[PDB]
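A.B. asks: First the structure, then my questions, so here it is.
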Amino acid sequence: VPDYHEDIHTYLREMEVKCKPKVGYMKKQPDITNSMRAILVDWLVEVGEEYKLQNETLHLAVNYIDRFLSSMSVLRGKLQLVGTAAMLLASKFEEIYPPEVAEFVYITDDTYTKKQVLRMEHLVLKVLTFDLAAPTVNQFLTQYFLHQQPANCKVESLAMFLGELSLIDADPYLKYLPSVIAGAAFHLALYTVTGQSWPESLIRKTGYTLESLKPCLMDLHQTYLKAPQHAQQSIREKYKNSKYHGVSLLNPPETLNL
Amino acid sequence: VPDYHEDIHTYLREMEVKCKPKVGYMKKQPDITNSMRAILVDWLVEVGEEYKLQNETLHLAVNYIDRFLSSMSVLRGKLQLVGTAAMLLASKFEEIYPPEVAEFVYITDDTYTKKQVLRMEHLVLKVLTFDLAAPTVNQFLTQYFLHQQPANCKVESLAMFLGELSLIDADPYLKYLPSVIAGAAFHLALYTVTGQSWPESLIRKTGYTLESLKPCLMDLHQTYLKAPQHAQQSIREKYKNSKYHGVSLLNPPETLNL
Amino acid sequence: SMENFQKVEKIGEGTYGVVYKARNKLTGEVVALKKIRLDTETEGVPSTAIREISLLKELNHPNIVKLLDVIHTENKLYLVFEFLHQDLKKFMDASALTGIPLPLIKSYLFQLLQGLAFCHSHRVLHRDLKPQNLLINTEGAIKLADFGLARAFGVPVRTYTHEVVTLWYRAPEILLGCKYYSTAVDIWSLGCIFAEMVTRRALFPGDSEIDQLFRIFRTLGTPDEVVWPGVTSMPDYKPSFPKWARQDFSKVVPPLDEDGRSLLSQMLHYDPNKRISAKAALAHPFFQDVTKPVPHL
Amino acid sequence: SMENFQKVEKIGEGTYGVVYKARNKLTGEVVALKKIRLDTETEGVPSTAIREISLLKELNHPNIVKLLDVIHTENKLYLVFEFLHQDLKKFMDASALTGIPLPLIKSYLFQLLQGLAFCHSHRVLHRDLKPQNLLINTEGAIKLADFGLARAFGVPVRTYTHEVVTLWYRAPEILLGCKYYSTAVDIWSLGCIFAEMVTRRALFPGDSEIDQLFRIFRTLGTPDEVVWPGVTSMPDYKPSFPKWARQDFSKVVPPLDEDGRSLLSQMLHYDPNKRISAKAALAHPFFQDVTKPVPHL
Amino acid sequence: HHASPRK
Amino acid sequence: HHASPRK
Ligand SMILES: Nc1ncnc2c1ncn2[C@@H]1O[C@H](COP(=O)(O)OP(=O)(O)OP(=O)(O)O)[C@@H](O)[C@H]1O
Ligand SMILES: Nc1ncnc2c1ncn2[C@@H]1O[C@H](COP(=O)(O)OP(=O)(O)OP(=O)(O)O)[C@@H](O)[C@H]1O
Ligand SMILES: [Mg+2]
Ligand SMILES: [Mg+2]
C-alpha cells in the first residue's frame, strides 16, 4: 500500500529536523555526562526486554530524554527519573499494552515513589509541549527495508542492531539526524551480510548518497568494530537471540572500501 | 554616537520578521472586520493625544493588537478590551509615566471594569509570550531620518504622519514589514516636500531600492491622496498641530513619476 | 486556570469526563471543553489523551477540528477546541424527514476525504469515524473530530490494537481478525457514512461482531478467494459462513447516481489493498461538480 | 504551579517582593526565584517586571543571567533564573583582606564588557550596573543581572527616565540633568566597578547628588568647555561649582598598570560622546593576555 | 448503537 | 549605600 508512502517520508524528513535535540547540550549540563546517559539508555534497553516493549518505544523514549535534557538541567540522582517517565510516556504513545506505573516504579527498585514518576511525567509533557510523535531511526529503517532486493532477514536485524547501538553514544550520534543514521546503518548491514551497497532507489528516494552518508558511516563502523568492548552491552546481548538471527555475533567488515 | 547603529539596524531587521502579525488573520475572524480594527486604531490615536503618549507607544500597541488577533478569535464587543489592554502594556513598556489603570477604564467610559482590563492584560502577555520589544515603523523612520541632507522638520513630520496612516488600514498594510513601510513613507514625505528621492545612502544601508519599495509606495500614495475622505480622521487632525508643522494640510503630489 | 472560561451547556459526554460548550469571558470566543480526569495513584495521563493531543497538534487542516489549547493542571486536563454548531449525527437526526440535500452530501464527503487524506499523509489512522465524531458548522464545513482512538502508524505497519472503530463502521479485516490493518479501515468507515447520509440510516447496524459481519455479507456478497485472496485463511473466518450473493446498489443505496455508486463500491471493496485511498477518492468523477452549500440548521 | 519548587533560603530582597534560592524537586536544578507581587485594584503587572522579562528574553549571551521560566499566576508573578554562587558585592566583601587577584579582575571586566556590548548591540540600556547586580559562579564566569531598570532604546534616543542608576555608579550627564543619555551611562558604571574591584572600595561614594558630583570633580577635575563642550549649559550645571584639578591615576587607582589606567580613563571620560564604547573597550591592550581564572570561594 | 471501543 | 532608583 504505497499510496501515502512518499508523503509520509517527506513529512518525517521535516519532523526529524524539528524534533531534533540540540547537539552540544551535554556540554551545558553541570552534573551529568555522556557516560551517565549511556548507562541510562543501556538500562532502558533492558527494561524494554523485560517488558517486551517495541524497539520503536525505546527510540521514542531516547528522543524524549535528549529533548528534555536539551532545555532542562538535571542532577545525576534524577536522571533515571527523567528516563523512567520518558519510557512510560513512550509506552503510552506506542504500545498496545503499556506497563503500569507501579511496574515502572518497581523496575527502578523504589528509587523513586509513584508520585515522583507521575509528576515527572507531567513535567516531561510540558517541556516537550506534548509533541511526542517523533521520527526515529526505526521509522526510517523500516521504509528503507522496502527497497531491499530481495528481502533479507539478517540485513534487517543487523541494521536494527546498529541503529540501536547509535542511541547509546550521544557523541558522536547526536550530530546525525535519524534518517542519516538509518541510511548508514542499512548500508553497513547490507555490506556486511551480502556485500551490496546503499541502493540507487534509496539514493533517489532520500537524496542521500554514499558520500553524504560517509561521516556517519565511519563513526558507525568504528562503533560496530568496538561493540564487544564497549562498557554497555545490553544491545549486543539482546541481538544474540534467534528472533534477531543472532546478528550481534556476526563479525564486522574490516574495511568499508570507501 | 553611531557605534551601535549598524548592529541595531541589523537586529531590528531580524526582529520585525519574528514580531510580524500573520497577514491574512482577519479573514479567519468570524466576528470582526478591518473596518472595526480601523475604528479601534483611530480611537487609540485619540487616546494617545489625550494622554500625551509617544507615537512609539501607539505603534507598539497596534503591533500587540495584530499579534494577539493573529491567534485569538475575538468577539466585536471585546475588541476594545484587547486594544485598551494593549495600550496599557505599551504604555508600561515605553513611557516614563504611563496612565494609571483607572484612567484606561475611564477612557473606555466604564464599558469594561478594572478587573476586565487587568485580566485582559495577563491574557495579552501570555498570548504574546511577554515578547513586547517589537520593531515599529517609527524605529526605522528615526534611523532613516539621520540620512537626510540637511535635516528637514517638515519631511520628518510628514513621514511620521504617513507611517501612522498605515496603522489604520490592515488591508493593504499588513502585507509590508515595518522597515518597508518606513522607507515608502520617508521617500513619499521627501518627494512631497523638496522633490528629492529615497537616498543612495539608505539604499546601501537597507538594501532597498526605489523599485523594491514601489508596491508599498503605490498603496501609500493612494492612502495619502484619499486621506481627507477616509472614515477615520484622528491622525489628520493630530498632524494639523504646529508641533507637526501642520503637514497633514500639505497637498499630496499628483504623481510619483515612477 | 479555567478562570477565563464560562461553562454554557453540556454538548456530549465521554469516557474521561464531560464535554462542554463554554465561552472565553475575556474575548467572547465560544469553545468546546473536553475534560480528561486524571487523579494520582492511577496511571497518570491517559494514553488516549497523550495520543489525541499530540496527534491533533500535527493535524492543521481546514477539515480537522482545531485544538486551541491544553490546560494541564495538577488535578485535571482540559482539551480546548473550536466549537462547531453540531456533530453530523445530530444534523442527520434533525434531517430524517427531509434528508440531506444531494449537493451537501457530496460536499460533506469531499471535505471528509480531504481531512482523511491529510491524516493518512501525516501517518495518522483515525480509527473511530462515525457521524457523532464529525462536526459541522453553519457555513457548510464538516470536520474530523474525536482523535481519542487515533494512532501514528509506521511504513509498513506492525500489528495494532484489535478493538478499534465503533461496531457499525468497523472494517471486515478487523472483524475477521487480520494481523495487519491500515488506512483502508478509515476508508470503510467513510463509505459507511456516505451511504448513511444518502439513505438516512446506518448501512450495517450489527448487534454483535458476527451479526456485523453477516450484515456486510448480505449486502456485498460473502467474500471468497477470488474477491479477496487470503480471506479464507483469516483468523476469525469460518468456512461454514453462509454464502450470500451481492445485492445491486440500486437496492442498497437507491437515491445515489451512477458516479456515487461507483465511488461507494470502491470505498467498500473487501480487499484492503484494493479499497480506494482517500487521495484517489478525491479525483473520482463523483466530485467534478462539487460545491459548498450551507446547511439548513 | 510552584508545586515543583522547594525554597531553600533568602538570597536578597527588593522592590516588588524578594529573591529565594530554591530547587526543582523533580530535576534537582537549583534556581533563584524572584517574586513580583501583583494583586488587583492596583496597576496590574508592574512596568519594571514587563521590561525585565521582555528584555531578558532577547538577551541570550554567556555574560547575561539566564531567565529559565516565568510563572504568571493570577496572584503572583515569579521570575525563575539560573542560580549563581553569589553577587560581586558579596564576593568583594569576602575578599577585602586579600583583594581580588589581578587576572580575575581582568577576566571579570572583559566578561562584563562582552555582556554589556551584547546588550547595547540589541538596543538595551541596563542602567543599574553595580556589584550587587552582577553574579559570579564557581568556575570564573561573571554575569549581568537585575534588568529591573533596563529599557529598549531607539536610534537616535529620545529623553528617558531621569532617576536611573544607583547613586555611586551614576554618570555625570545624568547628575547634570542632560536631556539625552544613552549607552555611555552603562560604561561609566562599569569603570566605577572596575576601579572598585581594584582598590576594594567604591570609587565615588556620594551621599547626595551634589556630593556625588563633587566626588567625581575632585578626582577627574571639574569639567569645562574644553573637556566637555556644552557642559556649562547643562540644566543642573552651576558656574559657582568649585574648579578642582584632575588627580593622577597613580593616586586614584594605585595598583593598576599603565594599560589598566588607560582603559579606566576612557571609561570615565566626561563627554559621553567620547567615552569608550563596550565594543571598542574589548579591543584595548589591557585585555591582550586575558585568561579565565576560578575565584577562591 | 455501540460506544467507541475503550482502551 | 543607596537603593536602586524606583519607578
Ligand atoms: N469542538 C466541538 N464542537 C461542538 N461539539 C463538539 C465538539 N467537540 C465535541 N463535541 C461534541 O461532544 C461529543 C463528545 O465528543 P468527543 O467525540 O470528542 O469525545 P468522546 O466522548 O470521547 O466521544 P466518543 O464517546 O465517541 O469516544 C461529540 O460527539 C460532539 O457532539
Ligand atoms: N540568579 C541569581 N543567583 C544568585 N543570587 C541571585 C540571583 N538573582 C539574584 N540574586 C541575589 O538577589 C539580589 C536581588 O536581586 P535583583 O538584583 O535581581 O533584584 P532587586 O532586589 O530588585 O535588586 P535591586 O534592589 O538592586 O534593584 C541580587 O543582588 C543577588 O544578590
Ligand atoms: Mg467521539
Ligand atoms: Mg538588584
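Here, A, B, ... name the chains of the C-alpha cells in the order displayed, residue numbers run from 1 inside each chain, and ligands are numbered from 1 in the same displayed order.
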Let me see if you get this right: every residue at most 7 Å from ligand 4, counting only C-alpha atoms and all ligand atoms, written as a VMD selection string.

C.D. replies: chain D and resid 132 to 133 146

A.B. asks: When you get a sec, could you note down which chain C residues fall within 7 Å of chain B, using only C-alpha atoms, as an NGL selection string?

C.D. replies: :C and (26-29)

A.B. asks: Report as a PDB file with C-alpha atoms, in the first residue's frame which protein, DNA and RNA residues come within 7 Å of ligand 2, using only C-alpha atoms and all ligand atoms.

C.D. replies:
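Saved file result-v9.pdb follows:
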ATOM      1  CA  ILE D  11      19.327  35.376  48.857  1.00  0.00           C
ATOM      2  CA  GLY D  12      18.241  39.005  48.591  1.00  0.00           C
ATOM      3  CA  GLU D  13      15.187  41.206  48.796  1.00  0.00           C
ATOM      4  CA  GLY D  14      13.884  44.074  46.723  1.00  0.00           C
ATOM      5  CA  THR D  15      11.357  46.271  45.124  1.00  0.00           C
ATOM      6  CA  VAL D  18      12.047  39.006  47.306  1.00  0.00           C
ATOM      7  CA  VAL D  19      14.555  36.546  45.854  1.00  0.00           C
ATOM      8  CA  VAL D  31      17.296  28.276  40.787  1.00  0.00           C
ATOM      9  CA  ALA D  32      16.730  31.882  42.016  1.00  0.00           C
ATOM     10  CA  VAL D  65      21.929  35.773  33.572  1.00  0.00           C
ATOM     11  CA  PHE D  81      16.533  32.257  36.911  1.00  0.00           C
ATOM     12  CA  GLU D  82      19.623  30.077  36.872  1.00  0.00           C
ATOM     13  CA  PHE D  83      21.244  30.256  40.368  1.00  0.00           C
ATOM     14  CA  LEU D  84      24.844  31.575  40.610  1.00  0.00           C
ATOM     15  CA  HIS D  85      27.056  31.292  43.666  1.00  0.00           C
ATOM     16  CA  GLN D  86      26.853  34.953  44.656  1.00  0.00           C
ATOM     17  CA  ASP D  87      26.824  38.569  43.540  1.00  0.00           C
ATOM     18  CA  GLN D 132      25.238  43.538  43.814  1.00  0.00           C
ATOM     19  CA  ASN D 133      23.555  43.343  40.342  1.00  0.00           C
ATOM     20  CA  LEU D 135      26.691  37.492  39.521  1.00  0.00           C
ATOM     21  CA  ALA D 145      21.732  40.614  36.206  1.00  0.00           C
ATOM     22  CA  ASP D 146      18.961  42.800  37.662  1.00  0.00           C
ATOM     23  CA  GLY D 148      14.698  45.796  36.527  1.00  0.00           C
TER      24      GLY D 148
ATOM     25  CA  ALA F   3      18.865  51.704  46.924  1.00  0.00           C
ATOM     26  CA  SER F   4      18.345  51.410  43.160  1.00  0.00           C
TER      27      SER F   4
END

A.B. asks: Enter the distance from CA of residue 143 in chain D to CA of residue 108 in chain D, in Å, rounded to one decimal.

C.D. replies: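 Going from CA of residue 143 in chain D over to CA of residue 108 in chain D covers 8.8 Å.
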
A.B. asks: What is the distance, in Å and to one decimal place, between CA of residue 94 in chain A and CA of residue 276 in chain C?

C.D. replies: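 Between these atoms lies a distance of 27.2 Å.
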
A.B. asks: What parts of range 190-244 of chain D does DSSP call helix (DSSP H, G or I)? I'd like the answer as number ranges by chain.

C.D. replies: D: 190-199, 209-220, 231-233

A.B. asks: Any chance you could export the current selection's N, CA, C and O atoms as a tab-separated table (two decimals), in the first residue's frame?

C.D. replies:
chain	number	residue	atom	x	y	z
D	190	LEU	N	30.43	50.71	34.71
D	190	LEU	CA	31.49	49.75	34.64
D	190	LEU	C	32.87	50.27	34.98
D	190	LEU	O	33.67	49.51	35.64
D	191	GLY	N	33.27	51.46	34.61
D	191	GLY	CA	34.58	51.97	35.00
D	191	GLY	C	34.57	52.13	36.54
D	191	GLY	O	35.55	51.85	37.24
D	192	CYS	N	33.43	52.57	37.10
D	192	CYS	CA	33.37	52.70	38.55
D	192	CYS	C	33.56	51.32	39.16
D	192	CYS	O	34.21	51.22	40.19
D	193	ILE	N	32.98	50.25	38.60
D	193	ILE	CA	33.08	48.92	39.20
D	193	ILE	C	34.51	48.36	39.00
D	193	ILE	O	35.03	47.62	39.83
D	194	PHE	N	35.12	48.73	37.89
D	194	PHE	CA	36.46	48.33	37.55
D	194	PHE	C	37.40	48.85	38.65
D	194	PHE	O	38.06	48.03	39.27
D	195	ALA	N	37.32	50.18	38.90
D	195	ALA	CA	38.11	50.78	39.99
D	195	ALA	C	37.90	50.14	41.37
D	195	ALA	O	38.84	49.91	42.15
D	196	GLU	N	36.65	49.88	41.73
D	196	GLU	CA	36.21	49.28	42.97
D	196	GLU	C	36.83	47.87	43.18
D	196	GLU	O	37.12	47.38	44.28
D	197	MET	N	36.77	47.02	42.13
D	197	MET	CA	37.42	45.74	42.18
D	197	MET	C	38.94	45.98	42.49
D	197	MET	O	39.58	45.25	43.20
D	198	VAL	N	39.60	46.96	41.91
D	198	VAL	CA	40.99	47.27	42.08
D	198	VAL	C	41.42	47.73	43.47
D	198	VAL	O	42.46	47.25	44.01
D	199	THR	N	40.80	48.72	44.05
D	199	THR	CA	41.09	49.39	45.29
D	199	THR	C	40.29	48.79	46.43
D	199	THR	O	40.60	49.24	47.56
D	209	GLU	N	23.33	63.88	45.52
D	209	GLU	CA	23.63	64.18	44.12
D	209	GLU	C	24.71	65.26	43.94
D	209	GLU	O	25.55	65.01	43.09
D	210	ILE	N	24.65	66.32	44.78
D	210	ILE	CA	25.69	67.35	44.67
D	210	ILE	C	26.97	66.75	45.18
D	210	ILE	O	28.03	66.90	44.58
D	211	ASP	N	26.85	65.95	46.25
D	211	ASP	CA	28.13	65.36	46.79
D	211	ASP	C	28.73	64.39	45.81
D	211	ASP	O	29.98	64.16	45.65
D	212	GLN	N	27.86	63.62	45.12
D	212	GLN	CA	28.32	62.64	44.13
D	212	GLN	C	29.10	63.36	43.04
D	212	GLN	O	30.18	62.99	42.60
D	213	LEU	N	28.50	64.46	42.54
D	213	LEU	CA	29.19	65.25	41.53
D	213	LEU	C	30.53	65.82	42.02
D	213	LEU	O	31.48	65.83	41.24
D	214	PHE	N	30.52	66.45	43.25
D	214	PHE	CA	31.82	66.93	43.72
D	214	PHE	C	32.79	65.77	43.93
D	214	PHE	O	33.98	65.97	43.67
D	215	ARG	N	32.44	64.54	44.32
D	215	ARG	CA	33.48	63.47	44.45
D	215	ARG	C	34.03	63.21	43.08
D	215	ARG	O	35.24	63.16	42.87
D	216	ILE	N	33.17	63.20	42.06
D	216	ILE	CA	33.69	62.97	40.69
D	216	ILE	C	34.56	64.15	40.34
D	216	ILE	O	35.67	63.97	39.78
D	217	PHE	N	34.14	65.43	40.57
D	217	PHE	CA	35.02	66.54	40.16
D	217	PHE	C	36.36	66.62	40.89
D	217	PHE	O	37.40	67.06	40.33
D	218	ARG	N	36.43	66.12	42.10
D	218	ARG	CA	37.71	66.21	42.83
D	218	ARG	C	38.60	65.15	42.26
D	218	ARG	O	39.81	65.29	42.54
D	219	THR	N	38.11	64.06	41.65
D	219	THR	CA	39.08	63.06	41.19
D	219	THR	C	39.57	63.34	39.78
D	219	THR	O	40.74	63.20	39.51
D	220	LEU	N	38.67	63.68	38.90
D	220	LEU	CA	38.91	63.79	37.49
D	220	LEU	C	39.02	65.25	37.05
D	220	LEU	O	39.27	65.46	35.89
D	231	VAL	N	29.04	71.44	28.55
D	231	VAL	CA	28.85	71.21	29.96
D	231	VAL	C	28.21	72.38	30.72
D	231	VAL	O	27.39	72.20	31.64
D	232	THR	N	28.78	73.58	30.44
D	232	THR	CA	28.32	74.72	31.23
D	232	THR	C	26.91	75.19	30.88
D	232	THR	O	26.39	75.97	31.66
D	233	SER	N	26.27	74.63	29.88
D	233	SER	CA	24.88	74.99	29.56
D	233	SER	C	23.93	73.92	30.06
D	233	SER	O	22.75	74.18	29.98

A.B. asks: List the spatial neighbours of residue 229 in chain C as an mmCIF file with C-alpha atoms, in the first residue's frame - criterion: any atom at most 10 Å away, only C-alpha atoms, same-chain residues fewer than 6 positions off excluded.

C.D. replies:
data_model
loop_
_atom_site.group_PDB
_atom_site.id
_atom_site.type_symbol
_atom_site.label_atom_id
_atom_site.label_comp_id
_atom_site.auth_asym_id
_atom_site.auth_seq_id
_atom_site.Cartn_x
_atom_site.Cartn_y
_atom_site.Cartn_z
ATOM 1 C CA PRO C 223 -16.237 -12.836 0.086
ATOM 2 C CA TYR C 270 -13.462 -6.246 0.623
ATOM 3 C CA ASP C 271 -9.729 -6.399 -0.002
#

A.B. asks: Between CA of residue 25 in chain B and CA of residue 68 in chain B, what is the distance, to one decimal in Å?

C.D. replies: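 Atom-to-atom, CA of residue 25 in chain B to CA of residue 68 in chain B, that is 10.2 Å.
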